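For reference, the structure is listed below as structure tokens.
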Amino acid sequence: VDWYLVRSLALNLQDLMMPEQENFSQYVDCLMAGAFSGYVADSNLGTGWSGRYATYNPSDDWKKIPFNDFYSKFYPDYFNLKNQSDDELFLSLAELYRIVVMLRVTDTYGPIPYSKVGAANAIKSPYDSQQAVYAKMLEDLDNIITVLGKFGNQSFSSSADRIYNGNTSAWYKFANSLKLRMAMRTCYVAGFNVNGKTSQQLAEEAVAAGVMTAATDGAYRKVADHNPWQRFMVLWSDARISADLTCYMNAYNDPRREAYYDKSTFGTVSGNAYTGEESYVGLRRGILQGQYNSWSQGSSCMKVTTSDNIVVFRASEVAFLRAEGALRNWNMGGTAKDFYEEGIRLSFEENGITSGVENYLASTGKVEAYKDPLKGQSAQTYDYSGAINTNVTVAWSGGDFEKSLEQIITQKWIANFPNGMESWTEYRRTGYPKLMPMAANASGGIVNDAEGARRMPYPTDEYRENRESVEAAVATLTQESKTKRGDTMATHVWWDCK
Ligand SMILES: [Ca+2]
Ligand SMILES: [Ca+2]
């Protein structure tokens with residue numbers, strides 16, 4: 001057995017949960033998920049991009065990357081590892097990475113090639129319904145949890161794991177935390193069960209077995225070369241913090257502002273022509289390419305270095321998932337209020353904030369209108385001011401289900417930055433947090449402004465290379481949906497049925 005190759009393959013599979021490769025990450029995590037989650041505002045002042053995901057008009061090349069590139073990058077190594085190793089622990093971890101990676105893909109598209117992927121050309125296969133994908137994943141995850149449990153306090157080679165350094169018990173907590181994330185995801189699907197286990201049952205089992213409970217249980221990958229966000233934000237200035245994120249965090253006087261990003265640098269960018277003040281202020285999402293104010297890169301920028309860890313799965317997310325389950329009257333091991341406050345405390349700890357959580361927890365600050373700081377400035381033609389329509393605040397009020405769910409999800413959304421893939425999925429599922437619509441909707445009427453993008457359409461090339469399977473997939477997508485809008489960004493995937 002060639003351990004050197006097996007370690008190498010395991011490492012590449014692990015990476016694809018939250019990819020490091022800057023030219024892959026930029027599309028899937030920054031340009032796509034970052035826009036749709038409400039976290040990132042594209043700030044490229046060039047004419048080279050014909051359109052973007054944010055304005056609902058990406059090019060055919062951009063539409064190929066979040067589908068095809070996951071299959072090209074994941075499956076050759078996955079099939080190779082299965083031929084190179086018979087070790088139950090390494091095969092269970094390889095399957096766990098497959099579930100997390102393909103969870104992003106089914107949450108982007110709906111039906112996808114999964115159970116019938118060929119070793120020759122993985123994507124050139126029949127598509128499973130999203131329900132069949134979730135059912136197979138949840139069933140395989142139960143077996144992975146059993147395998148990780150029996151290894152208990154045994155450790156594997158730290159060189160094959162840049163997240164938990166071979167600590168199997170940390171992977172056990174991650175796997176049960178994923179099980180709770182997927183159980184909560186399917187909570188609106190009437191009669192959903194996996195071998196008789198309902199969403200409630202899967203969630204209760206995960207919590208009883210052992211999920212992440214401490215900030216140090218969180219999954220953070222030590223970069224192999226550099227954190228790609230340093231490129232997107234600092235070096236290239238292709239991305240800025242969204243106006244939505246600074247609207248909520250300013251209203252709550254959030255001390256995580258200093259942990260996440262910096263104050264604006266309009267004076268620098270303007271050559272001191274800027275007459276306003278510097279503050280925590282993001283850029284409007286969905287500004288049409290070619291319609292930016294020239295001082296737009298003066299907007300708040302992420303605080304990030306090349307050596308910063310990649311955020312894979314935060315422990316604070318698990319506490320907010322338990323808060324939601326407790327709100328749904330599931331046995332989560334405590335009240336909705338206790339897990340809500342625990343999620344906020346865990347997020348403060350994750351961001352190195354040692355004081356002021358008790359004052360933050362009592363905060364009743366209300367979200368105000370977004371005032372574009374460049375409005376009326378020299379040679380700054382555009383005004384991207386707008387308003388988030390919400391009364392959500394921090395101080396736990398209890399009572400009304402929807403108002404409590406909005407608190408839980410809004411606080412999960414602040415804590416889960418910069419994990420846009422997860423936050424876009426949670427925005428679609430619950431409707432929270434309330435976000436501003438895109439400044440420019442270039443979908444031609446396909447995408448509704450209040451709903452935003454609900455999915456990505458299948459790449460046009462897949463209709464030409466795999467027509468029968470893709471046409472059957474669009475038929476499956478329609479049959480599982482409760483908002484049938486064809487193979488477009490407007491169609492709701494199977495779990496998106498609130
Ligand atoms: Ca069965
Ligand atoms: Ca804590």
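As shown in the structure tokens, the chain order sets the letters A, B, ...; within each chain, residues go from 1, and ligands are also counted from 1 in the order they appear.
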List the neighbours of range 354-366 of chain A out to 8 Å using only C-alpha atoms; skip same-chain residues closer than 3 positions along the sequence, and give me the result as number ranges by chain.
A: 251-255, 341, 344-345, 348-349, 391-396
Excluding range 181-192 of chain A and its own-chain neighbours fewer than 5 positions away, which residues fall within 9 Å of it when counting only C-alpha atoms? Please give them as an NGL selection string.
:A and (103 or 131 or 134 or 138 or 176 or 197-203 or 317-318 or 321 or 324-325 or 425-426 or 429 or 494-498)
Selected residue, from A:196, A:433, A:352, A:46, that lies nearest to ligand 2 when counting only C-alpha atoms and all ligand atoms
A:352
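Neighbours of residue 263 in chain A closer than or equal to 9 Å, with only C-alpha atoms counted and sequence neighbours fewer than 6 positions away skipped, come out as residues 257, 278, 279, 280, 281, 298, 299, 300 and 301 of chain A.
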Using only N, CA, C and O atoms, please write the residues we just selected to a file, as a PDB file, in the first residue's frame.
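Final output, part14.pdb:
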ATOM      1  N   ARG A 257     -17.184  43.293  14.121  1.00  0.00           N
ATOM      2  CA  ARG A 257     -16.849  44.153  12.965  1.00  0.00           C
ATOM      3  C   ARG A 257     -15.348  44.234  12.791  1.00  0.00           C
ATOM      4  O   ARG A 257     -14.858  43.950  11.689  1.00  0.00           O
ATOM      5  N   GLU A 278     -14.915  58.176   7.431  1.00  0.00           N
ATOM      6  CA  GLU A 278     -14.644  56.739   7.268  1.00  0.00           C
ATOM      7  C   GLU A 278     -15.415  55.975   8.333  1.00  0.00           C
ATOM      8  O   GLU A 278     -15.525  56.455   9.460  1.00  0.00           O
ATOM      9  N   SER A 279     -15.989  54.809   7.968  1.00  0.00           N
ATOM     10  CA  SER A 279     -16.766  53.974   8.899  1.00  0.00           C
ATOM     11  C   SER A 279     -16.808  52.554   8.417  1.00  0.00           C
ATOM     12  O   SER A 279     -16.243  52.250   7.368  1.00  0.00           O
ATOM     13  N   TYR A 280     -17.505  51.687   9.143  1.00  0.00           N
ATOM     14  CA  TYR A 280     -17.762  50.318   8.671  1.00  0.00           C
ATOM     15  C   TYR A 280     -18.918  50.418   7.698  1.00  0.00           C
ATOM     16  O   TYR A 280     -20.045  50.715   8.115  1.00  0.00           O
ATOM     17  N   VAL A 281     -18.620  50.322   6.389  1.00  0.00           N
ATOM     18  CA  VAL A 281     -19.648  50.497   5.378  1.00  0.00           C
ATOM     19  C   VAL A 281     -19.297  49.661   4.139  1.00  0.00           C
ATOM     20  O   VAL A 281     -18.235  49.819   3.534  1.00  0.00           O
ATOM     21  N   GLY A 298     -13.047  51.838  -2.000  1.00  0.00           N
ATOM     22  CA  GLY A 298     -12.867  52.485  -0.710  1.00  0.00           C
ATOM     23  C   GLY A 298     -13.798  51.894   0.348  1.00  0.00           C
ATOM     24  O   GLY A 298     -13.629  52.163   1.533  1.00  0.00           O
ATOM     25  N   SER A 299     -14.796  51.071  -0.063  1.00  0.00           N
ATOM     26  CA  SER A 299     -15.742  50.360   0.820  1.00  0.00           C
ATOM     27  C   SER A 299     -14.982  49.420   1.744  1.00  0.00           C
ATOM     28  O   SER A 299     -13.872  49.005   1.398  1.00  0.00           O
ATOM     29  N   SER A 300     -15.574  49.078   2.905  1.00  0.00           N
ATOM     30  CA  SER A 300     -14.987  48.149   3.888  1.00  0.00           C
ATOM     31  C   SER A 300     -14.530  46.860   3.214  1.00  0.00           C
ATOM     32  O   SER A 300     -15.226  46.304   2.359  1.00  0.00           O
ATOM     33  N   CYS A 301     -13.314  46.441   3.575  1.00  0.00           N
ATOM     34  CA  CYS A 301     -12.615  45.278   3.047  1.00  0.00           C
ATOM     35  C   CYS A 301     -12.383  44.272   4.165  1.00  0.00           C
ATOM     36  O   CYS A 301     -12.080  44.655   5.299  1.00  0.00           O
TER      37      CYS A 301
END
Take CA of residue 250 in chain A and CA of residue 379 in chain A and report the distance between them in Å, one decimal.
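Value for the CA of residue 250 in chain A-CA of residue 379 in chain A distance: 27.4 Å.
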Using only C-alpha atoms and all ligand atoms, find each residue with an atom at most 12 Å away from ligand 1 and format the answer as a VMD selection string.
chain A and resid 132 135 to 136 138 to 140 193 to 197
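CA of residue 314 in chain A is found 26.5 Å from CA of residue 77 in chain A.
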Taking 6 positions as the minimum chain separation for residues in the same chain, which residues sit within 10 Å of residue 376 in chain A when counting only C-alpha atoms? Answer as a JSON list (two decimals) with N, CA and C atoms, in the first residue's frame.
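The new file part-v8.json reads:
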[["chain", "number", "residue", "atom", "x", "y", "z"],
["A", 275, "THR", "N", -15.18, 63.93, 0.94],
["A", 275, "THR", "CA", -15.56, 64.91, 1.96],
["A", 275, "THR", "C", -16.26, 64.30, 3.17],
["A", 382, "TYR", "N", -23.47, 57.53, -9.32],
["A", 382, "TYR", "CA", -24.49, 56.62, -8.84],
["A", 382, "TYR", "C", -24.79, 56.74, -7.34],
["A", 383, "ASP", "N", -26.02, 56.34, -6.98],
["A", 383, "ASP", "CA", -26.51, 56.30, -5.60],
["A", 383, "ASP", "C", -27.16, 54.93, -5.38]]
